[PDB]
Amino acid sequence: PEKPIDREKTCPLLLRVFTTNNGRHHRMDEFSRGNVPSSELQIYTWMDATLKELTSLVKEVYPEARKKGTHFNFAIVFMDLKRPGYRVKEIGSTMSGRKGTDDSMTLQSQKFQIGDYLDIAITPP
């Protein structure tokens, strides 16, 4: 059971996004103690944002990523109090110019909690 989100009535959440261009996600040691990697991209969005929607915002910031065939691998980076540290969990991928089965995956469907980081490993075609 999910609540529909009215984006004029619900204020957006701050999403802190990190990207690579070599197909590999950031190491966990780059996030220790509140440090973060270079090139943070700050997005304001909603819990029903989809991978396809987020991909277009990323393409807005990096036009080279627009090229047909570009692969976006999405991972959530999140503090797990159970282990004393950050963990990364890959959630899905999209590709420029292709319709894939993760296009419509949403943050909340993945149990994303606000404040968790998004890490996007991008592979040129």
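All residue numbers are counted from 1 along the displayed sequence.
Per-stretch averaging of Cα B factors for 46 to 54 and 79 to 87 places 79 to 87 on top. Stretches 98 to 106 and 113 to 121 differ in mean C-alpha B factor, with the higher average recorded for 98 to 106. Residue-level temperature factors show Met28 in the highest third of its chain, judged at the C-alpha atom.
The entry lists a Cα temperature factor for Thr10 that places it in the lowest third of the chain's modelled residues.
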